[PDB]
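Below is data_16.pdb, which holds PDB, N, CA and C atoms.
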```pdb
ATOM      1  N   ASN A   1     162.801  79.380  31.430
ATOM      2  CA  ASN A   1     163.313  78.429  32.407
ATOM      3  C   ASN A   1     164.829  78.467  32.543
ATOM      4  N   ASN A   2     165.515  79.340  31.803
ATOM      5  CA  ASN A   2     166.961  79.456  31.937
ATOM      6  C   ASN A   2     167.434  80.907  31.936
ATOM      7  N   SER A   3     166.543  81.860  32.196
ATOM      8  CA  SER A   3     166.889  83.274  32.190
ATOM      9  C   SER A   3     166.577  83.871  33.551
ATOM     10  N   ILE A   4     167.454  84.754  34.018
ATOM     11  CA  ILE A   4     167.305  85.418  35.304
ATOM     12  C   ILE A   4     167.536  86.909  35.100
ATOM     13  N   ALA A   5     167.077  87.705  36.058
ATOM     14  CA  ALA A   5     167.284  89.146  36.054
ATOM     15  C   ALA A   5     167.970  89.539  37.354
ATOM     16  N   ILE A   6     169.175  90.076  37.245
ATOM     17  CA  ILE A   6     169.985  90.472  38.395
ATOM     18  C   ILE A   6     170.284  91.959  38.269
ATOM     19  N   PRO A   7     169.959  92.775  39.272
ATOM     20  CA  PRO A   7     170.159  94.224  39.139
ATOM     21  C   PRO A   7     171.620  94.606  39.325
ATOM     22  N   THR A   8     172.026  95.685  38.659
ATOM     23  CA  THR A   8     173.410  96.143  38.674
ATOM     24  C   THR A   8     173.607  97.446  39.438
ATOM     25  N   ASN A   9     172.534  98.115  39.842
ATOM     26  CA  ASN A   9     172.640  99.385  40.549
ATOM     27  C   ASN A   9     171.427  99.523  41.458
ATOM     28  N   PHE A  10     171.510 100.457  42.400
ATOM     29  CA  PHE A  10     170.487 100.580  43.426
ATOM     30  C   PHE A  10     170.234 102.056  43.704
ATOM     31  N   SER A  11     169.376 102.313  44.687
ATOM     32  CA  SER A  11     169.005 103.660  45.083
ATOM     33  C   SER A  11     168.475 103.623  46.508
ATOM     34  N   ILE A  12     168.583 104.765  47.180
ATOM     35  CA  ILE A  12     168.126 104.941  48.551
ATOM     36  C   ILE A  12     166.945 105.898  48.522
ATOM     37  N   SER A  13     165.818 105.476  49.088
ATOM     38  CA  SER A  13     164.590 106.259  49.043
ATOM     39  C   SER A  13     164.076 106.500  50.453
ATOM     40  N   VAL A  14     163.652 107.729  50.727
ATOM     41  CA  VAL A  14     163.082 108.101  52.016
ATOM     42  C   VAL A  14     161.602 108.389  51.818
ATOM     43  N   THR A  15     160.760 107.679  52.562
ATOM     44  CA  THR A  15     159.314 107.808  52.450
ATOM     45  C   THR A  15     158.719 108.253  53.778
ATOM     46  N   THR A  16     157.639 109.025  53.700
ATOM     47  CA  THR A  16     156.988 109.570  54.883
ATOM     48  C   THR A  16     155.705 108.804  55.172
ATOM     49  N   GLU A  17     155.458 108.528  56.451
ATOM     50  CA  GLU A  17     154.235 107.867  56.895
ATOM     51  C   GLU A  17     153.716 108.598  58.127
ATOM     52  N   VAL A  18     152.510 109.138  58.038
ATOM     53  CA  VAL A  18     151.924 109.901  59.135
ATOM     54  C   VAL A  18     150.893 109.043  59.858
ATOM     55  N   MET A  19     150.977 109.021  61.194
ATOM     56  CA  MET A  19     150.072 108.231  62.019
ATOM     57  C   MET A  19     149.513 109.104  63.136
ATOM     58  N   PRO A  20     148.191 109.169  63.288
ATOM     59  CA  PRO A  20     147.617 109.831  64.463
ATOM     60  C   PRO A  20     147.907 109.043  65.728
ATOM     61  N   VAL A  21     147.998 109.765  66.845
ATOM     62  CA  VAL A  21     148.336 109.183  68.137
ATOM     63  C   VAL A  21     147.234 109.418  69.162
ATOM     64  N   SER A  22     146.854 110.675  69.371
ATOM     65  CA  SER A  22     145.864 111.031  70.375
ATOM     66  C   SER A  22     144.923 112.090  69.821
ATOM     67  N   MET A  23     143.847 112.344  70.565
ATOM     68  CA  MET A  23     142.898 113.388  70.199
ATOM     69  C   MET A  23     142.622 114.299  71.388
ATOM     70  N   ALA A  24     141.682 115.226  71.230
ATOM     71  CA  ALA A  24     141.409 116.208  72.271
ATOM     72  C   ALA A  24     140.648 115.574  73.430
ATOM     73  N   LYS A  25     140.982 115.993  74.647
ATOM     74  CA  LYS A  25     140.284 115.530  75.841
ATOM     75  C   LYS A  25     139.184 116.523  76.194
ATOM     76  N   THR A  26     137.947 116.044  76.266
ATOM     77  CA  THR A  26     136.781 116.894  76.456
ATOM     78  C   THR A  26     136.102 116.550  77.775
ATOM     79  N   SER A  27     135.786 117.573  78.564
ATOM     80  CA  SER A  27     135.037 117.417  79.803
ATOM     81  C   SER A  27     133.738 118.204  79.707
ATOM     82  N   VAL A  28     132.656 117.607  80.208
ATOM     83  CA  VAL A  28     131.313 118.163  80.122
ATOM     84  C   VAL A  28     130.788 118.364  81.538
ATOM     85  N   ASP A  29     129.791 119.236  81.670
ATOM     86  CA  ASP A  29     129.090 119.452  82.926
ATOM     87  C   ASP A  29     127.596 119.343  82.667
ATOM     88  N   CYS A  30     126.910 118.516  83.462
ATOM     89  CA  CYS A  30     125.458 118.406  83.341
ATOM     90  C   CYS A  30     124.776 119.705  83.741
ATOM     91  N   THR A  31     125.200 120.287  84.857
ATOM     92  CA  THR A  31     124.804 121.648  85.170
ATOM     93  C   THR A  31     125.451 122.605  84.177
ATOM     94  N   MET A  32     124.855 123.796  84.060
ATOM     95  CA  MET A  32     125.179 124.903  83.149
ATOM     96  C   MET A  32     125.257 124.479  81.680
ATOM     97  N   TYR A  33     124.763 123.283  81.355
ATOM     98  CA  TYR A  33     124.450 122.884  79.990
ATOM     99  C   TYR A  33     122.981 122.509  79.845
ATOM    100  N   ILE A  34     122.494 121.599  80.689
ATOM    101  CA  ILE A  34     121.108 121.158  80.595
ATOM    102  C   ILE A  34     120.167 122.220  81.146
ATOM    103  N   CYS A  35     120.489 122.776  82.310
ATOM    104  CA  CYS A  35     119.600 123.698  83.005
ATOM    105  C   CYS A  35     120.104 125.129  83.038
ATOM    106  N   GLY A  36     121.412 125.340  83.027
ATOM    107  CA  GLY A  36     121.948 126.676  83.175
ATOM    108  C   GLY A  36     121.824 127.166  84.604
ATOM    109  N   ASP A  37     121.826 128.488  84.747
ATOM    110  CA  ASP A  37     121.663 129.120  86.054
ATOM    111  C   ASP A  37     120.174 129.198  86.364
ATOM    112  N   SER A  38     119.604 128.063  86.764
ATOM    113  CA  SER A  38     118.179 127.995  87.077
ATOM    114  C   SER A  38     117.995 126.983  88.197
ATOM    115  N   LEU A  39     117.566 127.460  89.367
ATOM    116  CA  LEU A  39     117.411 126.578  90.520
ATOM    117  C   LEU A  39     116.233 125.627  90.348
ATOM    118  N   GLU A  40     115.175 126.072  89.667
ATOM    119  CA  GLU A  40     114.002 125.228  89.464
ATOM    120  C   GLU A  40     114.319 124.037  88.568
ATOM    121  N   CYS A  41     115.112 124.250  87.518
ATOM    122  CA  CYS A  41     115.533 123.134  86.679
ATOM    123  C   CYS A  41     116.531 122.242  87.406
ATOM    124  N   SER A  42     117.395 122.837  88.232
ATOM    125  CA  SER A  42     118.386 122.056  88.962
ATOM    126  C   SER A  42     117.740 121.183  90.030
ATOM    127  N   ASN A  43     116.598 121.613  90.572
ATOM    128  CA  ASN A  43     115.887 120.793  91.549
ATOM    129  C   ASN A  43     115.346 119.518  90.916
ATOM    130  N   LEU A  44     114.815 119.613  89.696
ATOM    131  CA  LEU A  44     114.292 118.438  89.011
ATOM    132  C   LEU A  44     115.392 117.542  88.458
ATOM    133  N   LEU A  45     116.609 118.056  88.317
ATOM    134  CA  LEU A  45     117.717 117.294  87.761
ATOM    135  C   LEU A  45     118.389 116.389  88.788
ATOM    136  N   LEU A  46     118.029 116.512  90.069
ATOM    137  CA  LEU A  46     118.712 115.750  91.111
ATOM    138  C   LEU A  46     118.383 114.264  91.029
ATOM    139  N   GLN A  47     117.266 113.918  90.389
ATOM    140  CA  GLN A  47     116.887 112.518  90.250
ATOM    141  C   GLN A  47     117.639 111.814  89.126
ATOM    142  N   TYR A  48     118.417 112.544  88.327
ATOM    143  CA  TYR A  48     119.175 111.967  87.226
ATOM    144  C   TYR A  48     120.683 112.002  87.466
TER     145      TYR A  48
ATOM    146  N   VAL B   1      87.376 138.355  74.088
ATOM    147  CA  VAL B   1      88.538 137.540  73.763
ATOM    148  C   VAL B   1      89.731 138.481  73.682
ATOM    149  N   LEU B   2      90.744 138.239  74.514
ATOM    150  CA  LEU B   2      91.974 139.019  74.487
ATOM    151  C   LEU B   2      93.010 138.236  73.694
ATOM    152  N   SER B   3      93.336 138.715  72.500
ATOM    153  CA  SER B   3      94.378 138.115  71.673
ATOM    154  C   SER B   3      95.595 139.024  71.763
ATOM    155  N   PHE B   4      96.638 138.547  72.430
ATOM    156  CA  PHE B   4      97.848 139.323  72.632
ATOM    157  C   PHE B   4      99.061 138.482  72.278
ATOM    158  N   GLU B   5     100.123 139.153  71.846
ATOM    159  CA  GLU B   5     101.364 138.453  71.547
ATOM    160  C   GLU B   5     102.566 139.273  71.988
ATOM    161  N   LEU B   6     103.665 138.567  72.251
ATOM    162  CA  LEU B   6     104.909 139.167  72.709
ATOM    163  C   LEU B   6     106.055 138.639  71.860
ATOM    164  N   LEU B   7     106.955 139.533  71.466
ATOM    165  CA  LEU B   7     108.095 139.191  70.623
ATOM    166  C   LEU B   7     109.151 140.280  70.796
ATOM    167  N   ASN B   8     110.218 140.205  69.998
ATOM    168  CA  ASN B   8     111.352 141.124  70.118
ATOM    169  C   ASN B   8     110.937 142.491  69.580
ATOM    170  N   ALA B   9     110.192 143.215  70.409
ATOM    171  CA  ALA B   9     109.646 144.518  70.062
ATOM    172  C   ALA B   9     109.374 145.272  71.355
ATOM    173  N   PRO B  10     109.355 146.606  71.315
ATOM    174  CA  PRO B  10     108.990 147.366  72.517
ATOM    175  C   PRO B  10     107.559 147.075  72.947
ATOM    176  N   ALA B  11     107.360 146.992  74.258
ATOM    177  CA  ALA B  11     106.071 146.601  74.803
ATOM    178  C   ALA B  11     105.194 147.819  75.053
ATOM    179  N   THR B  12     103.888 147.613  74.941
ATOM    180  CA  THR B  12     102.909 148.670  75.156
ATOM    181  C   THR B  12     102.053 148.450  76.390
ATOM    182  N   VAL B  13     101.626 147.219  76.649
ATOM    183  CA  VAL B  13     100.787 146.896  77.797
ATOM    184  C   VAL B  13     101.625 146.082  78.771
ATOM    185  N   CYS B  14     101.709 146.551  80.014
ATOM    186  CA  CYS B  14     102.512 145.904  81.039
ATOM    187  C   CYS B  14     101.713 145.785  82.328
ATOM    188  N   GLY B  15     102.288 145.064  83.287
ATOM    189  CA  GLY B  15     101.681 144.891  84.584
ATOM    190  C   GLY B  15     102.110 145.967  85.560
ATOM    191  N   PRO B  16     101.392 146.087  86.677
ATOM    192  CA  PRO B  16     101.697 147.142  87.670
ATOM    193  C   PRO B  16     102.770 146.734  88.677
ATOM    194  N   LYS B  17     104.028 146.790  88.247
ATOM    195  CA  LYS B  17     105.168 146.515  89.112
ATOM    196  C   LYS B  17     106.149 147.674  89.036
ATOM    197  N   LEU B  18     106.726 148.031  90.180
ATOM    198  CA  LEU B  18     107.645 149.156  90.251
ATOM    199  C   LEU B  18     109.071 148.707  89.953
ATOM    200  N   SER B  19     109.776 149.503  89.155
ATOM    201  CA  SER B  19     111.158 149.199  88.816
ATOM    202  C   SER B  19     112.073 149.442  90.009
ATOM    203  N   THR B  20     113.211 148.757  90.012
ATOM    204  CA  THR B  20     114.190 148.853  91.083
ATOM    205  C   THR B  20     115.541 149.283  90.522
ATOM    206  N   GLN B  21     116.534 149.333  91.405
ATOM    207  CA  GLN B  21     117.889 149.666  90.995
ATOM    208  C   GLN B  21     118.580 148.445  90.403
ATOM    209  N   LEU B  22     119.442 148.691  89.420
ATOM    210  CA  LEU B  22     120.165 147.622  88.739
ATOM    211  C   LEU B  22     121.530 147.456  89.397
ATOM    212  N   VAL B  23     121.914 146.208  89.644
ATOM    213  CA  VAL B  23     123.208 145.888  90.235
ATOM    214  C   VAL B  23     124.064 145.224  89.167
ATOM    215  N   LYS B  24     125.293 145.705  89.009
ATOM    216  CA  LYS B  24     126.183 145.238  87.961
ATOM    217  C   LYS B  24     127.295 144.383  88.552
ATOM    218  N   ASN B  25     127.828 143.498  87.704
ATOM    219  CA  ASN B  25     128.959 142.619  88.021
ATOM    220  C   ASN B  25     128.677 141.712  89.216
ATOM    221  N   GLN B  26     127.429 141.272  89.363
ATOM    222  CA  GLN B  26     127.051 140.334  90.410
ATOM    223  C   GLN B  26     126.038 139.344  89.856
ATOM    224  N   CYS B  27     126.014 138.150  90.444
ATOM    225  CA  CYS B  27     125.067 137.115  90.043
ATOM    226  C   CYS B  27     123.725 137.401  90.706
ATOM    227  N   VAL B  28     122.788 137.959  89.938
ATOM    228  CA  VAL B  28     121.499 138.391  90.453
ATOM    229  C   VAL B  28     120.391 137.830  89.572
ATOM    230  N   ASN B  29     119.178 137.839  90.120
ATOM    231  CA  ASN B  29     117.983 137.487  89.369
ATOM    232  C   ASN B  29     117.399 138.748  88.747
ATOM    233  N   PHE B  30     117.108 138.685  87.453
ATOM    234  CA  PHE B  30     116.628 139.838  86.712
ATOM    235  C   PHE B  30     115.254 139.562  86.117
ATOM    236  N   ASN B  31     114.494 140.647  85.949
ATOM    237  CA  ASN B  31     113.142 140.628  85.384
ATOM    238  C   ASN B  31     113.069 141.796  84.403
ATOM    239  N   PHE B  32     113.316 141.511  83.128
ATOM    240  CA  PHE B  32     113.304 142.522  82.076
ATOM    241  C   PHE B  32     112.065 142.323  81.215
ATOM    242  N   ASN B  33     111.092 143.232  81.364
ATOM    243  CA  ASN B  33     109.865 143.268  80.556
ATOM    244  C   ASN B  33     109.066 141.972  80.669
ATOM    245  N   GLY B  34     109.119 141.344  81.841
ATOM    246  CA  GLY B  34     108.456 140.078  82.053
ATOM    247  C   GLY B  34     109.317 138.858  81.815
ATOM    248  N   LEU B  35     110.495 139.020  81.223
ATOM    249  CA  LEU B  35     111.431 137.920  81.006
ATOM    250  C   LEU B  35     112.246 137.761  82.283
ATOM    251  N   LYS B  36     112.088 136.617  82.939
ATOM    252  CA  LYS B  36     112.812 136.349  84.170
ATOM    253  C   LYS B  36     114.048 135.503  83.884
ATOM    254  N   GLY B  37     115.078 135.703  84.696
ATOM    255  CA  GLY B  37     116.292 134.929  84.519
ATOM    256  C   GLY B  37     117.262 135.184  85.648
ATOM    257  N   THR B  38     118.406 134.508  85.564
ATOM    258  CA  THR B  38     119.467 134.634  86.557
ATOM    259  C   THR B  38     120.792 134.773  85.827
ATOM    260  N   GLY B  39     121.569 135.791  86.178
ATOM    261  CA  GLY B  39     122.841 135.989  85.512
ATOM    262  C   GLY B  39     123.564 137.197  86.062
ATOM    263  N   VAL B  40     124.609 137.598  85.347
ATOM    264  CA  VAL B  40     125.433 138.743  85.713
ATOM    265  C   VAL B  40     125.260 139.801  84.635
ATOM    266  N   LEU B  41     124.875 141.006  85.047
ATOM    267  CA  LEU B  41     124.632 142.106  84.124
ATOM    268  C   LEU B  41     125.872 142.987  84.049
ATOM    269  N   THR B  42     126.342 143.238  82.832
ATOM    270  CA  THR B  42     127.507 144.068  82.576
ATOM    271  C   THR B  42     127.172 145.096  81.506
ATOM    272  N   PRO B  43     127.853 146.245  81.502
ATOM    273  CA  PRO B  43     127.714 147.166  80.366
ATOM    274  C   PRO B  43     128.207 146.514  79.085
ATOM    275  N   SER B  44     127.492 146.770  77.996
ATOM    276  CA  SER B  44     127.696 146.048  76.750
ATOM    277  C   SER B  44     128.136 146.990  75.640
ATOM    278  N   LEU B  45     129.030 146.488  74.791
ATOM    279  CA  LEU B  45     129.470 147.188  73.594
ATOM    280  C   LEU B  45     128.711 146.738  72.353
ATOM    281  N   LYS B  46     127.696 145.896  72.519
ATOM    282  CA  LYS B  46     126.917 145.407  71.393
ATOM    283  C   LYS B  46     126.044 146.525  70.829
ATOM    284  N   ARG B  47     125.529 146.296  69.624
ATOM    285  CA  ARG B  47     124.734 147.285  68.902
ATOM    286  C   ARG B  47     123.450 146.614  68.429
ATOM    287  N   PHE B  48     122.317 147.061  68.965
ATOM    288  CA  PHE B  48     121.014 146.561  68.561
ATOM    289  C   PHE B  48     120.469 147.369  67.387
TER     290      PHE B  48
END
```
Rewrite the coordinates I just gave you, this time as structure tokens.
Amino acid sequence: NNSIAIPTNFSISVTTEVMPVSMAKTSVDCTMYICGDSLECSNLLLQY
Amino acid sequence: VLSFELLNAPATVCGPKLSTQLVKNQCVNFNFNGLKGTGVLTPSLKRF
């Protein structure tokens, strides 16, 4: 109740912090993935 | 009873259809040994 601790010297420290910001932008196509080059499959896909 | 199978092997029994000329570097419909499809045929450096 009557003792304190006071520092007499100091130091300068540099720390690194890495943060993600963005990711890859991906675009898909329903054609040439679901049916490919096939007119018969593409005809049935028009309802979706 | 006709028990027949088809797989990645040379064929022995085929149907009576006449072969045609092959067109390269164009989007054409192809019929190879009964396998039908649509695509572009190019000379290949692959090794079977």
Please return as a PyMOL selection string: the residues of stretch 11-40 of chain B that backbone DSSP assigns to strand (DSSP E).
chain B and resi 27-32+35-40
Near residue B:19, counting only C-alpha atoms, which residues have an atom at most 12 Å away, once you skip same-chain residues fewer than 5 positions from it, shown as JSON, numbers by chain?
{"B": [30, 31, 32, 33, 34]}
Could you tell me which residues the PyMOL selection byres ((chain A and name CA) within 10 of (chain B and name CA)) grabs in this file, written as a list in words?
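Applying the PyMOL selection byres ((chain A and name CA) within 10 of (chain B and name CA)) to the structure shown produces residues 36, 37, 38 and 39 of chain A.
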Store the residues picked out above, limited to N, CA and C atoms, as a PDB file, in the coordinates of the input.
```
ATOM      1  N   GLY A  36     121.412 125.340  83.027  1.00  0.00           N
ATOM      2  CA  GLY A  36     121.948 126.676  83.175  1.00  0.00           C
ATOM      3  C   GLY A  36     121.824 127.166  84.604  1.00  0.00           C
ATOM      4  N   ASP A  37     121.826 128.488  84.747  1.00  0.00           N
ATOM      5  CA  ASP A  37     121.663 129.120  86.054  1.00  0.00           C
ATOM      6  C   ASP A  37     120.174 129.198  86.364  1.00  0.00           C
ATOM      7  N   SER A  38     119.604 128.063  86.764  1.00  0.00           N
ATOM      8  CA  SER A  38     118.179 127.995  87.077  1.00  0.00           C
ATOM      9  C   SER A  38     117.995 126.983  88.197  1.00  0.00           C
ATOM     10  N   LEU A  39     117.566 127.460  89.367  1.00  0.00           N
ATOM     11  CA  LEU A  39     117.411 126.578  90.520  1.00  0.00           C
ATOM     12  C   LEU A  39     116.233 125.627  90.348  1.00  0.00           C
TER      13      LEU A  39
END
```
Find the distance between atom CA of residue B:25 and atom N of residue B:42 and write it in Å to one decimal.
5.8 Å
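Between atom CA of residue B:26 and atom CA of residue B:10 there is a distance of 26.4 Å.
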Calculate how many Å separate atom CA of residue A:31 from atom CA of residue A:46, rounding to one decimal.
10.4 Å
Identify, with DSSP run on backbone atoms, the residues in chain A assigned to helix (DSSP H, G or I), and express the list as JSON, numbers by chain.
{"A": [39, 40, 41, 42, 43, 44, 45, 46, 47]}
Each side padded by 3 Å, which centre and which edge lengths in Å (one decimal) define the axis-aligned box around the listed atoms of stretch 15-23 of chain B? Give them as AutoDock Vina command-line options.
```
--center_x 112.7 --center_y 147.3 --center_z 87.3 --size_x 28.7 --size_y 10.8 --size_z 14.1
```
Counting all atoms listed in the file, find residues at most 8 Å from (103.1, 140.6, 79.8) (file frame) and give them as an MDAnalysis selection string.
chainID B and resid 5:6 13:15 33:35
